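This is run.csv (CSV, C-alpha atoms).
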chain,number,residue,atom,x,y,z
R,1,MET,CA,0.0,0.0,0.0
R,2,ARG,CA,0.8,3.6,-0.8
R,3,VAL,CA,-0.1,6.8,1.1
R,4,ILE,CA,0.4,10.4,0.1
R,5,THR,CA,1.1,12.9,2.8
R,6,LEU,CA,0.5,16.6,2.0
R,7,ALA,CA,1.5,19.6,4.1
R,8,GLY,CA,-0.6,22.6,3.5
R,9,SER,CA,1.4,25.2,5.3
R,10,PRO,CA,2.8,28.3,3.6
R,11,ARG,CA,6.1,27.7,5.4
R,12,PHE,CA,8.5,24.8,5.8
R,13,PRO,CA,9.2,23.5,8.4
R,14,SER,CA,5.8,23.9,10.0
R,15,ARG,CA,3.6,22.2,12.6
R,16,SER,CA,2.0,20.4,9.7
R,17,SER,CA,5.3,19.1,8.5
R,18,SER,CA,6.1,17.8,11.9
R,19,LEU,CA,2.8,15.9,12.2
R,20,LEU,CA,3.3,14.4,8.7
R,21,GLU,CA,6.9,13.4,9.4
R,22,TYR,CA,5.6,11.4,12.3
R,23,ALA,CA,2.9,10.0,10.1
R,24,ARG,CA,5.4,8.9,7.5
R,25,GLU,CA,7.6,7.2,10.1
R,26,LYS,CA,4.6,5.3,11.5
R,27,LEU,CA,3.4,4.2,8.1
R,28,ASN,CA,6.8,3.2,6.9
R,29,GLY,CA,7.1,1.1,10.1
R,30,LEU,CA,3.9,-0.7,8.9
R,31,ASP,CA,5.5,-1.4,5.5
R,32,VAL,CA,3.5,1.4,3.7
R,33,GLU,CA,5.2,3.3,1.0
R,34,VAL,CA,4.8,7.1,1.5
R,35,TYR,CA,4.9,9.8,-1.1
R,36,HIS,CA,5.7,12.9,0.9
R,37,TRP,CA,4.7,16.3,-0.4
R,38,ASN,CA,4.5,19.9,0.7
R,39,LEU,CA,3.4,23.2,-0.9
R,40,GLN,CA,7.0,24.2,-1.4
R,41,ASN,CA,7.3,21.3,-4.0
R,42,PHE,CA,5.1,23.4,-6.3
R,43,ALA,CA,5.8,26.7,-8.1
R,44,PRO,CA,3.5,29.4,-6.5
R,45,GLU,CA,2.7,30.9,-9.8
R,46,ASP,CA,1.4,27.6,-11.0
R,47,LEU,CA,-0.8,27.2,-8.0
R,48,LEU,CA,-2.1,30.8,-7.8
R,49,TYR,CA,-2.8,31.0,-11.6
R,50,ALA,CA,-4.1,27.4,-12.1
R,51,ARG,CA,-1.4,26.2,-14.5
R,52,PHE,CA,-2.4,22.6,-15.3
R,53,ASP,CA,0.9,22.2,-17.2
R,54,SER,CA,2.8,22.4,-13.9
R,55,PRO,CA,5.2,19.4,-13.8
R,56,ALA,CA,4.9,19.2,-10.0
R,57,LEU,CA,1.1,19.1,-10.3
R,58,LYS,CA,1.3,16.4,-12.9
R,59,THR,CA,3.8,14.4,-10.8
R,60,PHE,CA,1.7,14.8,-7.6
R,61,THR,CA,-1.5,13.8,-9.5
R,62,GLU,CA,0.2,10.6,-10.9
R,63,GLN,CA,1.3,9.6,-7.4
R,64,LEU,CA,-2.0,10.4,-5.8
R,65,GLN,CA,-3.8,8.2,-8.4
R,66,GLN,CA,-1.6,5.3,-7.2
R,67,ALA,CA,-2.2,6.0,-3.5
R,68,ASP,CA,-4.7,4.2,-1.3
R,69,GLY,CA,-4.9,7.1,1.2
R,70,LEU,CA,-4.1,10.7,1.9
R,71,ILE,CA,-3.0,12.3,5.1
R,72,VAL,CA,-3.4,16.1,4.7
R,73,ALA,CA,-2.4,18.7,7.3
R,74,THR,CA,-3.2,22.4,7.3
R,75,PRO,CA,-2.9,25.4,9.6
R,76,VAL,CA,-6.3,27.0,10.3
R,77,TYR,CA,-6.6,30.6,8.9
R,78,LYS,CA,-9.7,32.7,8.9
R,79,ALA,CA,-11.8,29.9,10.3
R,80,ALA,CA,-10.9,27.4,7.5
R,81,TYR,CA,-8.1,25.5,5.9
R,82,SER,CA,-5.3,27.5,4.3
R,83,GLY,CA,-5.8,29.1,1.0
R,84,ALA,CA,-2.4,27.8,0.1
R,85,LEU,CA,-3.5,24.2,0.5
R,86,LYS,CA,-6.8,24.9,-1.3
R,87,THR,CA,-5.0,26.2,-4.4
R,88,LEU,CA,-3.5,22.8,-4.9
R,89,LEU,CA,-6.7,20.9,-4.2
R,90,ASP,CA,-8.5,23.1,-6.7
R,91,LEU,CA,-6.2,21.8,-9.5
R,92,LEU,CA,-6.8,18.1,-8.8
R,93,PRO,CA,-9.1,16.0,-11.1
R,94,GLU,CA,-12.7,16.2,-10.1
R,95,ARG,CA,-12.9,12.7,-8.6
R,96,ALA,CA,-9.3,12.6,-7.5
R,97,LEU,CA,-10.0,11.0,-4.1
R,98,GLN,CA,-12.4,8.4,-5.3
R,99,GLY,CA,-11.8,5.1,-3.5
R,100,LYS,CA,-9.3,6.7,-1.0
R,101,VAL,CA,-9.2,7.1,2.7
R,102,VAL,CA,-8.4,10.6,4.0
R,103,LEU,CA,-7.1,11.6,7.4
R,104,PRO,CA,-7.3,15.4,7.9
R,105,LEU,CA,-5.1,17.2,10.4
R,106,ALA,CA,-5.3,20.8,11.5
R,107,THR,CA,-3.1,23.1,13.5
R,108,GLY,CA,-3.9,26.4,15.3
R,109,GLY,CA,-3.8,28.3,18.5
R,110,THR,CA,-7.3,29.2,19.6
R,111,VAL,CA,-10.6,27.6,20.3
R,112,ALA,CA,-11.9,29.4,17.2
R,113,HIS,CA,-9.3,27.5,15.2
R,114,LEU,CA,-10.4,24.2,16.9
R,115,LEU,CA,-13.9,24.8,15.5
R,116,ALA,CA,-12.4,24.6,12.0
R,117,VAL,CA,-10.9,21.1,12.6
R,118,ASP,CA,-13.3,19.6,10.0
R,119,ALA,CA,-13.3,22.5,7.5
R,120,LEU,CA,-11.7,20.4,4.7
R,121,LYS,CA,-14.7,17.9,4.8
R,122,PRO,CA,-16.8,19.6,2.0
R,123,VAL,CA,-13.7,19.9,-0.2
R,124,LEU,CA,-12.7,16.3,0.4
R,125,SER,CA,-16.3,15.2,-0.2
R,126,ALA,CA,-16.3,17.2,-3.5
R,127,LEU,CA,-13.2,15.2,-4.5
R,128,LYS,CA,-15.2,12.0,-3.8
R,129,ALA,CA,-13.1,10.6,-0.9
R,130,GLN,CA,-14.4,7.2,0.1
R,131,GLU,CA,-13.9,7.7,3.8
R,132,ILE,CA,-13.0,10.9,5.6
R,133,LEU,CA,-11.8,10.3,9.2
R,134,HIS,CA,-12.5,12.7,12.0
R,135,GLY,CA,-10.1,15.6,11.8
R,136,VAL,CA,-7.3,15.7,14.5
R,137,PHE,CA,-6.6,19.1,15.9
R,138,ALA,CA,-3.1,20.0,17.1
R,139,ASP,CA,-3.1,23.1,19.2
R,140,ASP,CA,0.1,25.1,18.6
R,141,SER,CA,1.2,24.4,22.2
R,142,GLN,CA,1.1,20.6,21.6
R,143,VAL,CA,3.7,20.5,18.8
R,144,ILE,CA,7.1,21.0,20.3
R,145,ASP,CA,10.0,22.5,18.3
R,146,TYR,CA,8.6,21.7,14.9
R,147,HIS,CA,11.9,22.7,13.3
R,148,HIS,CA,13.5,19.4,14.4
R,149,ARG,CA,12.2,15.9,15.1
R,150,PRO,CA,8.4,15.3,15.6
R,151,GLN,CA,7.7,16.0,19.2
R,152,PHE,CA,4.2,16.2,20.7
R,153,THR,CA,2.7,16.5,24.1
R,154,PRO,CA,1.3,13.2,25.3
R,155,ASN,CA,-2.3,14.2,24.8
R,156,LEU,CA,-1.7,14.9,21.1
R,157,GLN,CA,0.6,12.0,20.7
R,158,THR,CA,-2.1,9.6,21.9
R,159,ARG,CA,-4.7,11.2,19.6
R,160,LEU,CA,-2.4,11.1,16.6
R,161,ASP,CA,-1.5,7.4,17.2
R,162,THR,CA,-5.2,6.6,17.5
R,163,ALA,CA,-6.0,8.3,14.3
R,164,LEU,CA,-3.1,6.8,12.4
R,165,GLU,CA,-4.2,3.3,13.6
R,166,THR,CA,-7.8,4.0,12.5
R,167,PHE,CA,-6.4,5.2,9.1
R,168,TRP,CA,-4.2,2.1,8.7
R,169,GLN,CA,-7.2,-0.1,9.4
R,170,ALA,CA,-9.4,1.8,7.0
R,171,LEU,CA,-6.9,1.3,4.3
R,172,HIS,CA,-7.8,-2.4,4.6
R,173,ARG,CA,-11.6,-1.9,4.4
D,1,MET,CA,-18.1,56.5,-0.4
D,2,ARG,CA,-15.2,54.1,-1.3
D,3,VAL,CA,-15.5,50.5,-2.5
D,4,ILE,CA,-12.9,47.8,-3.1
D,5,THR,CA,-13.6,45.2,-5.8
D,6,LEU,CA,-11.6,42.0,-5.7
D,7,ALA,CA,-11.5,39.4,-8.3
D,8,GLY,CA,-10.6,35.9,-6.9
D,9,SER,CA,-10.1,34.0,-10.1
D,10,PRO,CA,-6.7,32.3,-10.9
D,11,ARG,CA,-7.1,33.7,-14.5
D,12,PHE,CA,-7.5,37.2,-15.9
D,13,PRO,CA,-9.8,38.1,-17.5
D,14,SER,CA,-12.4,35.9,-15.8
D,15,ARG,CA,-16.1,35.7,-15.3
D,16,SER,CA,-15.5,37.1,-11.9
D,17,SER,CA,-13.6,40.1,-13.2
D,18,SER,CA,-16.4,40.7,-15.7
D,19,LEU,CA,-19.0,40.9,-12.9
D,20,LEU,CA,-16.8,43.4,-11.1
D,21,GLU,CA,-16.3,45.5,-14.2
D,22,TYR,CA,-20.1,45.7,-14.5
D,23,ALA,CA,-20.2,46.8,-10.9
D,24,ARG,CA,-17.5,49.4,-11.5
D,25,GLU,CA,-19.5,50.9,-14.3
D,26,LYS,CA,-22.5,51.3,-12.0
D,27,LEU,CA,-20.5,52.7,-9.1
D,28,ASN,CA,-18.7,55.1,-11.4
D,29,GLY,CA,-22.1,56.4,-12.3
D,30,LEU,CA,-23.1,56.8,-8.6
D,31,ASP,CA,-19.9,58.8,-7.8
D,32,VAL,CA,-18.6,56.0,-5.6
D,33,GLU,CA,-14.8,55.8,-5.6
D,34,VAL,CA,-13.6,52.3,-6.7
D,35,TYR,CA,-10.3,50.6,-6.2
D,36,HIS,CA,-10.1,47.4,-8.3
D,37,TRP,CA,-7.8,44.5,-7.5
D,38,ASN,CA,-7.3,41.0,-8.9
D,39,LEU,CA,-4.9,38.2,-8.0
D,40,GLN,CA,-2.6,39.0,-10.9
D,41,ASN,CA,-1.8,42.3,-9.0
D,42,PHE,CA,0.1,40.3,-6.3
D,43,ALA,CA,3.4,38.3,-6.5
D,44,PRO,CA,2.3,34.7,-6.2
D,45,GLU,CA,5.3,33.9,-4.0
D,46,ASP,CA,4.1,36.4,-1.4
D,47,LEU,CA,0.6,34.9,-1.3
D,48,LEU,CA,1.5,31.2,-1.3
D,49,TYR,CA,4.4,31.6,1.2
D,50,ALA,CA,2.6,34.2,3.4
D,51,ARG,CA,5.1,37.1,3.0
D,52,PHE,CA,3.6,40.0,4.8
D,53,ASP,CA,6.1,42.5,3.6
D,54,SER,CA,4.5,42.2,0.2
D,55,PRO,CA,4.2,45.8,-1.2
D,56,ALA,CA,1.0,45.1,-3.1
D,57,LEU,CA,-0.4,43.6,0.1
D,58,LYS,CA,0.5,46.8,2.0
D,59,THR,CA,-1.3,49.0,-0.7
D,60,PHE,CA,-4.3,46.7,-0.8
D,61,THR,CA,-4.7,46.7,3.0
D,62,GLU,CA,-4.4,50.5,3.2
D,63,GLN,CA,-7.0,50.9,0.5
D,64,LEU,CA,-9.3,48.4,2.2
D,65,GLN,CA,-8.8,50.2,5.5
D,66,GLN,CA,-10.4,53.3,4.0
D,67,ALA,CA,-13.2,51.5,2.2
D,68,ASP,CA,-16.8,51.4,3.2
D,69,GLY,CA,-17.5,48.2,1.2
D,70,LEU,CA,-16.1,45.2,-0.6
D,71,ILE,CA,-17.4,43.4,-3.6
D,72,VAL,CA,-15.6,40.1,-3.9
D,73,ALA,CA,-16.1,37.6,-6.8
D,74,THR,CA,-14.8,34.0,-7.0
D,75,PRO,CA,-15.2,31.0,-9.2
D,76,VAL,CA,-16.5,28.0,-7.2
D,77,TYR,CA,-13.9,25.2,-7.0
D,78,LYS,CA,-14.4,21.9,-5.1
D,79,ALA,CA,-17.6,23.1,-3.4
D,80,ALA,CA,-16.0,26.4,-2.1
D,81,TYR,CA,-14.4,29.7,-2.9
D,82,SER,CA,-11.1,29.5,-4.8
D,83,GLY,CA,-8.0,28.7,-2.9
D,84,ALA,CA,-6.3,31.5,-4.8
D,85,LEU,CA,-8.6,34.1,-3.3
D,86,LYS,CA,-8.3,32.6,0.1
D,87,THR,CA,-4.5,33.0,0.0
D,88,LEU,CA,-5.0,36.7,-0.1
D,89,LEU,CA,-7.7,36.8,2.6
D,90,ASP,CA,-5.5,34.8,4.9
D,91,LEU,CA,-2.9,37.6,4.9
D,92,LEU,CA,-5.4,40.4,5.9
D,93,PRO,CA,-5.4,41.7,9.5
D,94,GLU,CA,-7.6,40.1,12.1
D,95,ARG,CA,-10.6,42.4,11.8
D,96,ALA,CA,-9.9,43.8,8.3
D,97,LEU,CA,-13.6,44.0,7.4
D,98,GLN,CA,-14.9,45.5,10.7
D,99,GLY,CA,-17.5,48.1,9.9
D,100,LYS,CA,-17.8,47.2,6.2
D,101,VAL,CA,-20.5,45.9,3.9
D,102,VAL,CA,-19.5,42.9,1.7
D,103,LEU,CA,-21.3,41.7,-1.5
D,104,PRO,CA,-20.0,38.1,-2.4
D,105,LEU,CA,-20.4,36.9,-6.0
D,106,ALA,CA,-19.7,33.4,-7.2
D,107,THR,CA,-19.4,31.9,-10.7
D,108,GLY,CA,-19.8,28.3,-11.8
D,109,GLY,CA,-21.4,25.9,-14.3
D,110,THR,CA,-23.6,23.5,-12.3
D,111,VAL,CA,-26.0,23.4,-9.4
D,112,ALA,CA,-23.3,21.9,-7.3
D,113,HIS,CA,-21.5,25.2,-7.8
D,114,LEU,CA,-24.7,27.1,-6.8
D,115,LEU,CA,-24.6,25.3,-3.4
D,116,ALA,CA,-21.4,27.2,-2.5
D,117,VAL,CA,-22.8,30.6,-3.2
D,118,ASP,CA,-22.3,31.5,0.6
D,119,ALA,CA,-19.1,29.6,1.0
D,120,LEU,CA,-17.2,32.8,1.8
D,121,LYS,CA,-19.5,33.6,4.8
D,122,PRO,CA,-17.4,32.0,7.5
D,123,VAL,CA,-14.2,33.7,6.2
D,124,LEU,CA,-15.9,37.1,5.9
D,125,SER,CA,-17.3,36.6,9.4
D,126,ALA,CA,-13.9,35.7,10.7
D,127,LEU,CA,-12.7,39.0,9.2
D,128,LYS,CA,-15.6,40.7,11.2
D,129,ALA,CA,-17.5,42.1,8.3
D,130,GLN,CA,-20.3,44.3,9.6
D,131,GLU,CA,-22.9,43.2,7.0
D,132,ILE,CA,-22.5,40.2,4.7
D,133,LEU,CA,-25.1,40.3,1.9
D,134,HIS,CA,-26.6,37.2,0.5
D,135,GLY,CA,-24.3,35.6,-2.1
D,136,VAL,CA,-25.1,36.0,-5.8
D,137,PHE,CA,-24.5,33.2,-8.2
D,138,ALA,CA,-23.7,33.8,-11.9
D,139,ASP,CA,-23.9,30.7,-14.1
D,140,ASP,CA,-21.2,30.6,-16.8
D,141,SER,CA,-23.9,30.0,-19.4
D,142,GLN,CA,-25.3,33.6,-18.9
D,143,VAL,CA,-21.9,35.4,-19.2
D,144,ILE,CA,-21.8,36.1,-23.0
D,145,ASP,CA,-18.5,38.0,-22.9
D,146,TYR,CA,-16.0,38.3,-20.1
D,147,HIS,CA,-13.0,39.2,-22.3
D,148,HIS,CA,-14.1,42.5,-23.6
D,149,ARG,CA,-16.7,44.8,-21.9
D,150,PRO,CA,-19.0,42.6,-19.8
D,151,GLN,CA,-22.0,41.2,-21.6
D,152,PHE,CA,-24.6,39.1,-19.7
D,153,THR,CA,-28.0,37.6,-20.4
D,154,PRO,CA,-30.9,39.9,-19.4
D,155,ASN,CA,-31.8,37.8,-16.5
D,156,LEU,CA,-28.2,37.9,-15.1
D,157,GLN,CA,-28.0,41.6,-15.7
D,158,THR,CA,-31.2,42.2,-13.8
D,159,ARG,CA,-30.1,40.1,-10.9
D,160,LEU,CA,-26.6,41.8,-10.7
D,161,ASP,CA,-28.2,45.2,-10.9
D,162,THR,CA,-30.7,44.3,-8.1
D,163,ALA,CA,-27.8,43.0,-5.8
D,164,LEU,CA,-25.7,46.1,-6.6
D,165,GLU,CA,-28.6,48.3,-5.7
D,166,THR,CA,-29.0,46.4,-2.4
D,167,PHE,CA,-25.3,46.9,-1.8
D,168,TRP,CA,-25.5,50.6,-2.4
D,169,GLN,CA,-28.5,51.0,-0.1
D,170,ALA,CA,-26.5,49.1,2.6
D,171,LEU,CA,-23.6,51.5,2.3
D,172,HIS,CA,-26.0,54.3,3.0
Could the structure of this file be written out as structure tokens, please?
Amino acid sequence: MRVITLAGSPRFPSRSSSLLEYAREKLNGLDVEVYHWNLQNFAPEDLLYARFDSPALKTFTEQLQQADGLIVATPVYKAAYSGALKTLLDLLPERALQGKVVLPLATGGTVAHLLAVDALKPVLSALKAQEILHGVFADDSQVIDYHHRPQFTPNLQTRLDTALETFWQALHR
Amino acid sequence: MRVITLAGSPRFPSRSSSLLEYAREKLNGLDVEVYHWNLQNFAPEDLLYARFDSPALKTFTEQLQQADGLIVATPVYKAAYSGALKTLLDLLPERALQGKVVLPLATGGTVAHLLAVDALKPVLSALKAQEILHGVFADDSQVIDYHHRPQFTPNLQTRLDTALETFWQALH
């Protein structure tokens, strides 16, 4: 099995990239091949101006088509997912997530941000995801020194491990 | 009175920009000052990588600060507003629409697209807009020309004029 990870932060490193490095490690340990992407793998002018001839878009799309699941992480901005992430999602084929399991992750610093934990759901449903797991919310305080190795407070670590085990099981269903 | 218009399409010209050009013609006639922006006015690197020193961002935010209202138009992609528009909205200050009236416009080709006519509402609410008008949907099939001067079907023209009159009344 094959999983795409996608960080949707405007910056790298980010809290999103820390969550997804952990996810990649856990999935690799389960013998899952991981295709690891972030927004800095794309040219901004191709994302902002919807250039379907983008080589990174075509490469990502080829790899996504082969993947059984997607783990996607975004900071919460203005009560929703990041526009930066959405620029890439908007350029995917219309049924790009058909037959795939999706685990959404969100990061932010306030209760208002926590209310946006499932803001990607309509977008992922529009992309025809087969199964959309409950979104995991990582408060900014729970991701420790995201510039270096993945490091989480125990509350977040437990929730992330739980979600990743649910995701792994869903890949088999 | 001052109004900002903001086209949220990845391409220019677009159906969105044509709606806003129509609005600009009307507001010109009503002696409302209009500052018109599109996403091609920004450096894409600044929007995608959230670079707040962006000069165009500074000018846009200063013009928005002095504006009484905002007309914002987006194509509908994946059941929501465009990500390209949202990249710019994400860089605005926390209460950037405080005290302002907003008219949201959306374009698309199917009824699924129509269902996202109010998709911007949570974002505009997060920006503390004083009054968010009901969203107006323009079907692609009723935009006859968006490259030259805007040309719309009579029904779309009537509906846009009605919404723009509502917007003008709200400003006053």
Where does chain R meet chain D within 9 Å, residue by residue, with the nearest atom pair and distance in Å to one decimal for each, counting only C-alpha atoms, listed by chain and rising number, as a tab-separated table?
residue	atom	partner	partner_atom	distance
R:9	CA	D:49	CA	8.2
R:10	CA	D:49	CA	4.4
R:11	CA	D:49	CA	6.0
R:39	CA	D:48	CA	8.2
R:40	CA	D:49	CA	8.3
R:43	CA	D:45	CA	8.3
R:44	CA	D:44	CA	5.4
R:45	CA	D:44	CA	5.2
R:46	CA	D:44	CA	8.6
R:47	CA	D:84	CA	7.7
R:48	CA	D:84	CA	5.2
R:49	CA	D:10	CA	4.2
R:50	CA	D:10	CA	5.7
R:51	CA	D:10	CA	8.8
R:77	CA	D:90	CA	5.9
R:78	CA	D:123	CA	5.3
R:79	CA	D:123	CA	6.1
R:80	CA	D:123	CA	7.2
R:82	CA	D:87	CA	7.0
R:83	CA	D:87	CA	4.2
R:84	CA	D:48	CA	5.4
R:85	CA	D:83	CA	7.2
R:86	CA	D:83	CA	4.3
R:87	CA	D:83	CA	4.2
R:88	CA	D:83	CA	7.7
R:89	CA	D:78	CA	7.8
R:90	CA	D:77	CA	5.8
R:91	CA	D:77	CA	8.8
R:94	CA	D:78	CA	7.8
R:122	CA	D:79	CA	6.5
R:123	CA	D:78	CA	5.3
R:124	CA	D:78	CA	8.0
R:125	CA	D:78	CA	8.5
R:126	CA	D:78	CA	5.3
R:127	CA	D:78	CA	6.8
Non-local contacts of stretch 27-32 of chain D (10 Å; only C-alpha atoms; under 5 positions in same chain excluded) as JSON, numbers by chain:
{"D": [1, 2, 3, 21, 22, 164, 165, 168]}
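When atom CA of residue D:56 is paired with atom CA of residue D:24, their separation reads 20.8 Å.
For the pair atom CA of residue R:132 and atom CA of residue R:63, the interatomic distance is 19.4 Å.
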Contact residues around residue R:150 with only C-alpha atoms at 7 Å, ignoring same-chain residues under 2 positions, as a PDB file with C-alpha atoms, in the frame of the given file:
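For reference, selection.pdb as written:
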ATOM      1  CA  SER R  18       6.100  17.800  11.900  1.00  0.00           C
ATOM      2  CA  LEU R  19       2.800  15.900  12.200  1.00  0.00           C
ATOM      3  CA  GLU R  21       6.900  13.400   9.400  1.00  0.00           C
ATOM      4  CA  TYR R  22       5.600  11.400  12.300  1.00  0.00           C
ATOM      5  CA  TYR R 146       8.600  21.700  14.900  1.00  0.00           C
ATOM      6  CA  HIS R 148      13.500  19.400  14.400  1.00  0.00           C
ATOM      7  CA  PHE R 152       4.200  16.200  20.700  1.00  0.00           C
TER       8      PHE R 152
END
